[PDB]
Ligand SMILES: [Cs+]
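Residue numbers (the authors' numbering), protein chains in the order written: chain A, 7 to 316; chain E, 7 to 316; chain D, 7 to 316; chain C, 7 to 316; chain B, 7 to 316.
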């Protein structure tokens with residue numbers, strides 16, 4: 007029973023994030039518990055203050071006509087319970103629910119551990135024979151308690167795109183809004199657990215430049231390369247099959263090389279010290295002691311600059 | 007209360023993929039959130055435009071007769087909420103839901119990491135005493151936003167088989183449609199993480215052709231073979247117990263050999279250099295330095311050509 | 007409101023497997039989506055063809071009395087939606103649902119990778135004051151599309167035990183039917199991934215019969231025994247804590263021995279070649295080169311014959 | 007509308023385990039599908055046999071007053087469908103459902119692989135203004151088909167504590183019953199897969215007493231210690247963070263020592279055979295050859311006796 | 007239909023924890039099954055004891071006006087079934103449900119294995135045109151059976167913050183309460199499984215101070231460093247990406263160093279014993295034998311004191 011209008015009836019939205027949780031890097035989703043505030047003029051139940059009752063009349067959903075506000079990027083029918091409905095005298099309705107659905111927003115892992123993110127929540131609404139334009143009321147949209155959680159994420163700002171996008175979707179126009187949740191990752195536990203440990207094994211790898219033994223120079227360069235896959239695999243896991251290249255996937259792969267040419271040098275400091283030419287053997291080996299850490303620290307400024315500095 | 011017809015009543019379908027997610031290679035399933043558009047002539051509620059009401063009359067499901075459209079390959083009762091029902095004057099009904107069920111479509115892992123896929127969605131409908139033929143309305147079937155996701159898959163096209171298949175199923179005919187979702191895998195993160203790393207270990211394996219020491223030539227060919235199972239097992243995992251052979255399962259298994267005859271050669275460059283015949287030892291070893299990488303690169307052209315080039 | 011009979015009313019069943027999926031070796035269960043066809047004479051709503059309506063009258067469940075057909079071995083209340091109900095004039099009712107529950111049938115892993123299986127679906131039905139005997143109508147039981155899936159299983163036949171079993175269960179008799187799904191495993195991906203790889207490591211183990219060095223004869227027999235646990239554990243995982251012995255659990259355990267006596271021989275070819283008696287050392291070692299592969303190939307004909315050939 | 011009594015109305019319970027499955031050692035829970043039989047005198051619907059109808063009158067739940075029987079230790083609202091309700095003439099009611107909820111019973115892993123267990127199911131019932139005492143009818147409680155499953159567990163007996171416990175819970179007394187399911191584990195697959203394999207690696211560890219080489223005596227004692235953590239971790243996984251000590255957690259930890267002092271001995275048979283005193287070296291080493299296996303077999307009788315024999 | 011008051015109507019709450027389970031360190035959530043007791047004066051259904059019926063009248067939810075009590079930090083619409091409603095004569099209502107939702111309370115992993123926790127449950131309630139203040143009745147809040155579980159946690163006390171917090175949330179004030187569950191972790195299974203094993207490998211690492219061989223001094227310091235990542239990774243797993251530093255993450259990382267300088271020393275006891283200056287080699291090596299275990303035991307007093315002792 008939609009509200010007999012004279013033009014496209016505006017509906018006024020608003021979201022108060024109560025809870026934020028379980029951002030799932032692999033699935034690229036997150037759950038959110040929050041308020042959903044709607045409002046519109048339904049002159050059809052304007053109601054004479056003095057003549058009867060009181061300031062505002064409480065209705066049940068079945069009584070009033072209510073605009074079907076569906077979320078766009080959600081796995082399931084959103085999970086809301088209605089909190090209150092209050093009809094002003096002019097025929098203005100005040101709606102409030104408290105939904106909790108899991109949202110499907112994509113993430114950009116280009117700078118993986120040192121990445122910032124922009125999540126999205128949507129709210130389309132399809133028309134009937136009066137058009138429906140949605141729009142935000144920023145007193146109900148300042149939504150985000152001083153308690154929002156999001157484990158392992160710093161939260162930067164909950165804002166929203168005032169101007170909606172009105173679509174042509176199947177002989178009926180809908181109107182879609184963009185609620186933006188901006189976050190930065192708490193990279194850190196990434197260092198004592200992944201970055202640093204990954205680095206130390208790399209250095210011991212090439213302790214084998216200050217050694218003559220092949221027997222102990224494979225037990226060296228090789229034993230570490232194993233340990234590196236332990237880190238490659240640990241990381242390749244809490245992260246999706248990105249069609250692009252990650253920052254960490256970069257240096258985690260750049261590393262694979264300094265083990266290959268490390269295992270190259272130790273191999274050649276042998277078919278060139280068994281060929282009785284240690285003239286050249288402890289010449290190469292001596293150089294590698296600089297070649298490597300420098301090409302590295304250089305390739306990391308080269309790699310690093312390539313990702314953040316552009 | 008089915009619509010008194012004069013022939014097999016056509017029902018007009020259509021699916022608008024809103025979301026696609028969680029393609030599960032192991033289970034061979036995927037979840038999809040999408041619209042379901044139906045329509046048919048139910049002359050029984052044709053309704054005199056001028057005489058009453060308006061252009062089109064909105065009903066509730068309980069009011070109208072509605073065709074039971076069940077999905078064929080689905081784990082559970084599909085999870086749909088009804089979006090709108092609009093009855094045209096001629097007795098034509100316009101239905102729209104927004105379901106989200108997980109689909110059971112099989113996948114072909116013959117070219118695993120470099121494989122393209124064809125997923126299926128079904129929609130049977132059983133008859134009563136008027137027959138039901140289903141069919142597609144391609145304005146409601148262009149379904150697939152410019153936002154469909156499918157992590158780690160490039161999506162090629164959402165089309166559908168115009169001509170249905172009408173079955174004889176238990177003294178009542180049903181009519182079944184084929185909605186096709188075509189995708190190609192984003193192989194790539196397969197290289198820096200599986201292909202390349204798997205290769206590197208294979209090369210170091212056979213650095214042991216340029217060495218005399220057995221002590222460091224097992225610490226060599228053996229230490230890597232371990233690391234290979236790390237990749238055999240990493241892969242054997244995100245992939246089902248196929249009754250056929252995978253491309254990667256092939257070369258991952260072809261590899262097992264070049265470690266066996268690699269461990270053969272180093273073993274024989276010993277009971278043939280302890281038998282004081284290093285005449286032959288550093289003859290064999292010298293050859294293997296070519297035999298191997300060539301038999302390989304040859305066996306990979308032989309293997310590769312065998313899978314894609316036919 | 008049960009159908010006033012003169013004897014135990016027969017109810018006629020039938021199952022049309024639409025989908026089969028997710029057979030879970032560890033949990034010993036499987037999910038199935040299928041039709042459930044029932045029928046019985048309820049003379050109480052026989053209904054005068056000519057006098058009124060039409061050939062057959064469509065009812066809703068609430069209208070008719072319906073026999074509660076519960077599945078026996080199922081995790082949960084089975085998940086069915088009703089497809090159609092049609093009452094013949096003689097008072098004969100025609101019922102069809104389309105359930106999908108996960109079944110708890112046990113499996114026999116005695117021949118694990120080369121095992122064939124027999125799954126079960128049950129359907130009891132408890133009596134009131136007329137007795138209920140169930141029985142099958144084989145036109146509705148030929149159920150199993152030419153599309154049944156069951157990843158990694160070849161499917162042999164869907165049949166069912168015509169004669170039911172009528173129990174005495176709590177002062178009321180029930181009647182239970184046996185629907186049989188026969189399957190064979192697609193062993194194969196078991197070879198290039200488990201059998202073969204497990205074998206190769208075993209052979210390299212005992213490359214250490216053609217070697218003098220203990221240093222490289224432990225880096226040999228020992229380095230492989232590790233890799234074997236990688237396969238013992240990979241297999242011990244996708245398989246339940248069976249109270250009996252598996253075929254693969256057998257040879258996977260028979261193997262553990264040929265590494266123990268292999269590590270025995272290499273150990274004794276040392277406290278018997280450091281005791282300056284290489285007379286005996288390269289005597290034993292020379293024998294083991296045959297002893298082993300033969301005792302093995304013999305113990306596998308002995309083991310193999312013991313499991314399949316009896 | 008509760009049955010106007012003259013004293014605390016007794017309700018007569020009973021559980022017929024139809025299915026048992028998925029005992030989850032880590033979570034300490036299990037799922038059960040079973041009957042639930044209740045009965046009580048509600049003289050308020052006693053009903054004159056001859057005067058009307060028949061022997062017993064079938065009602066729907068909404069008709070009769072029914073005692074709310076909630077399970078105590080359950081994750082969720084239990085999942086029951088009602089099977090039949092039959093009211094005797096004296097006003098005696100006969101109820102039967104067929105629930106299936108997952109039960110939260112704790113387990114005692116003190117003897118882990120060789121442990122027996124006692125599971126629990128509960129059924130409280132809160133009072134109104136007539137008191138409710140629950141109690142069991144052992145014809146409906148002999149519940150447990152000759153088909154109960156419980157993968158990897160032998161099932162010993164389904165009994166129940168006749169005498170209930172009546173609580174004072176919030177100004178209303180409740181009455182709680184104890185249904186006991188006793189089981190023993192099928193330890194076995196624990197041997198060829200965990201115990202035995204764990205033992206063999208331990209023996210090879212200390213093959214290094216019959217060797218002089220340190221190079222091959224670390225490749226020995228160390229290479230196995232790795233393989234042991236593979237078993238420590240395999241086991242530490244299918245088992246909860248117990249605040250006590252397991253039998254297997256014991257010997258799996260007692261083992262860690264015989265590797266430490268094994269790695270001690272081989273280390274000292276070196277800074278005491280480089281120090282030109284092989285007088286003492288191949289003295290110690292010679293002893294360890296007995297010291298170890300004996301201290302062990304002794305420590306296992308000491309450990310074993312400590313756990314089962316007390 | 008809210009109770010016509012003269013001031014802000016107080017509602018009296020209370021929670022009786024029946025079950026506690028599945029505290030999920032990674033997700034920072036826990037499930038709880040419990041009673042929810044509410045009460046308030048609704049003089050509007052005060053009801054003349056003598057004049058009619060009895061002491062207290064039982065209603066159904068639809069009958070009475072009931073305050074919507076929503077939980078704040080919960081994933082979903084809380085999962086409650088209503089247990090009883092009893093209206094006193096003065097118009098006082100007595101409500102009791104038995105909900106079971108999973109709660110989103112944050113945890114502080116600063117002292118990870120030796121950490122104590124404070125969980126939260128919330129209950130807001132939004133106002134209409136009478137204000138609602140919530141408050142606790144400590145006879146119904148002594149809630150926590152003598153059976154509360156919480157695997158791997160010792161439970162210290164269930165209390166609650168008497169004084170509520172009344173918000174200004176969207177032109178309507180709400181009232182929120184704080185129910186506190188205090189717990190301590192059962193660290194312990196952390197020792198025989200993580201702390202101790204992690205330590206032992208560290209000690210063997212530096213058995214290489216009493217050795218001359220580089221070949222066996224890498225097979226030493228290196229083979230252990232691998233095993234350490236096995237523990238770094240085992241722990242980094244059952245623990246969230248904390249933006250701060252854990253105690254165990256500390257010493258697990260402090261450890262990475264004593265392997266680096268350990269692998270430093272063994273490397274330098276070589277380019278300084280091949281440079282014929284074993285004067286200095288077995289001088290350094292001799293010192294490290296003390297330097298290390300002391301700097302460590304000192305750095306652990308330094309680290310330890312830094313975390314708990316402040
Ligand atoms: Cs080695």
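Each residue gets a CB set at the ideal place from its N, CA and C atoms; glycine is no exception.
Quiz item: Any C-beta of chain D sitting closer than 8 Å to the C-beta of residue 247 of chain E?
Solution: The sequence position of residue 247 of chain E within the second chain is 241, counting from 1. The C-beta of residue 247 of chain E comes closer than 8 Å to at least one C-beta of chain D.
Self-check item: Of the listed residues B:126, B:304, B:47, B:27, nearest to residue 38 of chain B (C-alpha basis)
Solution: Mapped onto the fifth chain, residue 38 of chain B falls at position 32. Among B:126, B:304, B:47, B:27, the Cα nearest to that of residue 38 of chain B is on B:27.
Quiz item: Between the beta-carbon of residue 214 of chain C and the beta-carbon of residue 272 of chain C, is there less than 8 Å?
Solution: To locate residue 214 of chain C, count along the fourth chain from 1; it is residue 208. To locate residue 272 of chain C, count along the fourth chain from 1; it is residue 266. For residue 214 of chain C and residue 272 of chain C, yes; Cβs fall inside 8 Å.
Quiz item: Nearest chain B C-beta to residue 255 of chain C closer than 8 Å, yes or no?
Solution: If you number the fourth chain from 1, residue 255 of chain C lands on position 249. Yes, its Cβ sits closer than 8 Å to a Cβ of chain B.
Quiz item: Can you find a C-beta in chain E that's less than 8 Å from the C-beta of residue 225 of chain D?
Solution: Residue mapping note: residue 225 of chain D aligns to position 219 of the third chain, counting from 1. Yes - at least one Cβ of chain E is within 8 Å of the one on residue 225 of chain D.
Quiz item: If we ignore side chains and look at the alpha-carbon of each, how far apart do residue 47 of chain B and residue 9 of chain B end up?
Solution: Taking the fifth chain and counting its residues from 1, one reaches residue 47 of chain B at position 41. Taking the fifth chain and counting its residues from 1, one reaches residue 9 of chain B at position 3. Spanning the two alpha carbons is a distance of roughly 8 Å.
Quiz item: In the structure shown, what three-state DSSP assignment does residue 77 of chain B receive?
Solution: The sequence position of residue 77 of chain B within the fifth chain is 71, counting from 1. In the three-state reduction of the DSSP assignment, residue 77 of chain B falls in the coil class.
Quiz item: Whose beta carbon lies closer than 6 Å to any heavy atom of ligand 1, going through the chain in order?
Solution: Ordered along the chain, residues surrounding ligand 1 are A:225, E:225, D:225, C:225, B:225 [Cβ under 6 Å from any heavy atom].
Practice problem: Using a Cβ cut-off of 7 Å, pull out every chain E residue sitting near residue 216 of chain D, in sequence order please. | Solution: Here the question's residue 216 of chain D lines up with position 210 in the third chain. Within 7 Å Cβ-Cβ: 273, 277.
Quiz item: What number of angstroms, rounded off, separates the C-alpha of residue 104 of chain A from the C-alpha of residue 74 of chain A?
Solution: Translated into positions along the first chain, residue 104 of chain A becomes position 98. Translated into positions along the first chain, residue 74 of chain A becomes position 68. One C-alpha to the other measures close to 15 Å.
Self-check item: the region 193-213 of chain B contacting the region 259-268 of chain B, beta-carbon criterion three pairs below 8 Å
Solution: In this structure the region 193-213 of chain B touches the region 259-268 of chain B; the number of beta carbon pairs closer than 8 Å is three or more.
Exercise. Measure the C-alpha to C-alpha separation of residue 233 of chain D and residue 243 of chain E and round it to an integer number of angstroms.
Key: Numbered from 1 along the third chain, position 227 holds the residue referred to as residue 233 of chain D. Numbered from 1 along the second chain, position 237 holds the residue referred to as residue 243 of chain E. If I take the Cα positions, the gap works out to 17 Å.
Exercise. Tell me whether the beta-carbon of residue 149 of chain A lies closer than 8 Å to the beta-carbon of residue 258 of chain A.
Key: Position 143 of the first chain, counted from the first residue, corresponds to residue 149 of chain A. Position 252 of the first chain, counted from the first residue, corresponds to residue 258 of chain A. In this structure, residue 258 of chain A does not lie closer than 8 Å to residue 149 of chain A by Cβ.
Quiz item: So what does DSSP say about residue 197 of chain C, is it helix, strand or coil?
Solution: For the purposes of this step, residue 197 of chain C is taken as the residue at position 191 of the fourth chain. DSSP places residue 197 of chain C within a helical segment (H, G or I) once states are collapsed to three.
Quiz item: Distance, Cα to Cα, residue 42 of chain A vs residue 93 of chain B?
Solution: The sequence position of residue 42 of chain A within the first chain is 36, counting from 1. The sequence position of residue 93 of chain B within the fifth chain is 87, counting from 1. Rounded to the nearest whole angstrom, the C-alpha separation of residue 42 of chain A and residue 93 of chain B is 34 Å.
Self-check item: Residues of the region 76-100 of chain D whose Cβ lies closer than 8 Å to any Cβ of chain C, in chain order
Solution: 76, 78, 79, 80, 81, 82, 83
Quiz item: Where do the ends of the alpha helix (DSSP H) carrying residue 312 of chain C lie?
Solution: If you number the fourth chain from 1, residue 312 of chain C lands on position 306. Its alpha helix (DSSP H) spans residues 284-313.
Quiz item: Between which two residues does the alpha helix (DSSP H) harbouring residue 229 of chain A extend?
Solution: Sequence index remark: in the first chain, residue 229 of chain A carries index 223 (1-based). Start and end: 221-243.
Quiz prompt | Ranges of the beta strand (DSSP E) found wholly within the region 121-207 of chain B, counting only runs of at least 3 | solution = 122-127, 138-142, 159-174, 179-191
Exercise. Under 8 Å Cβ to Cβ from residue 31 of chain C, same chain only, skipping five residues before and after it: list those, please.
Key: The count along the fourth chain starts at 1 and reaches residue 31 of chain C at position 25. These residues qualify, in order along the chain: 113, 115, 244, 245, 246.
Quiz prompt | Simplified DSSP assignment, three categories, for residue 70 of chain A | solution = By one-based count along the first chain, residue 70 of chain A stands at place 64. If DSSP states are grouped into helix, strand and coil, residue 70 of chain A belongs with coil.
Quiz item: For residue 200 of chain C, which option in D:107, D:226, D:241 has the closest C-alpha, if you only look at C-alpha atoms?
Solution: Stepping through the fourth chain from its first residue, residue 200 of chain C is reached at position 194. Cα-wise, what sits closest to residue 200 of chain C is D:241.
Quiz item: Run through DSSP, which three-state label would residue 118 of chain B get?
Solution: Taking the fifth chain and counting its residues from 1, the one referred to as residue 118 of chain B is at position 112. The answer is helix: DSSP assigns residue 118 of chain B an H, G or I state.
Practice problem: Measure from the C-beta of residue 210 of chain E to each C-beta in chain A and report whether the shortest distance is under 8 Å. | Solution: For the purposes of this step, residue 210 of chain E is taken as residue 204 along the second chain, with counting starting at 1. With 8 Å as the cut-off, residue 210 of chain E counts as an interface residue toward chain A.
Exercise. Give a yes or no on whether 8 Å exceeds the smallest Cβ distance from residue 289 of chain D to chain E.
Key: Reading the third chain from its first residue, position 283 is the one you call residue 289 of chain D. Taking Cβ atoms only, chain E never reaches closer than 8 Å to residue 289 of chain D, which makes this a no.
Quiz prompt | Beta-bridge pairing of residue 22 of chain A - partner residues as DSSP gives them | solution = The sequence position of residue 22 of chain A within the first chain is 16, counting from 1. In the DSSP output, where bridge partners are listed per residue, residue 22 of chain A has A:41.
Practice problem: Note down the Cα distance separating residue 310 of chain C from residue 118 of chain C, rounded to an integer number of angstroms. | Solution: As a first step, residue 310 of chain C must be located in the fourth chain, where it is residue number 304. As a first step, residue 118 of chain C must be located in the fourth chain, where it is residue number 112. Put simply, the backbone Cα of residue 310 of chain C is about 12 Å away from that of residue 118 of chain C.
Quiz prompt | Closest Cα partner of residue 17 of chain E within the set E:280, E:45, E:180 | solution = Position 11 of the second chain, counting from 1, holds the residue named residue 17 of chain E. Cα-wise, what sits closest to residue 17 of chain E is E:45.
Quiz item: Quick one: Cα of residue 166 of chain E to Cα of residue 137 of chain E, how far?
Solution: Position 160 of the second chain, counting from 1, holds the residue named residue 166 of chain E. Position 131 of the second chain, counting from 1, holds the residue named residue 137 of chain E. Whole-angstrom Cα-Cα distance: 22 Å.
Quiz item: Would residue 113 of chain A count as contacting chain B if we go by Cβ distances under 8 Å?
Solution: Start at 1 with the first residue of the first chain, and residue 113 of chain A comes out as number 107. For residue 113 of chain A, the answer is no, since every Cβ of chain B falls outside 8 Å of its Cβ.
Quiz item: Checking contacts by CB at 8 Å: is residue 235 of chain D closer than that to chain C?
Solution: As a working note, residue 235 of chain D is residue 229 in the third chain. Closer than 8 Å to some Cβ of chain C, the Cβ of residue 235 of chain D qualifies, so yes.
Quiz item: Exposed or buried, residue 180 of chain D, counting other C-beta atoms within 10 Å across all chains shown (16 or more means buried)?
Solution: Taking the third chain and counting its residues from 1, one reaches residue 180 of chain D at position 174. Its Cβ being crowded by 16 or more others within 10 Å, residue 180 of chain D is buried.
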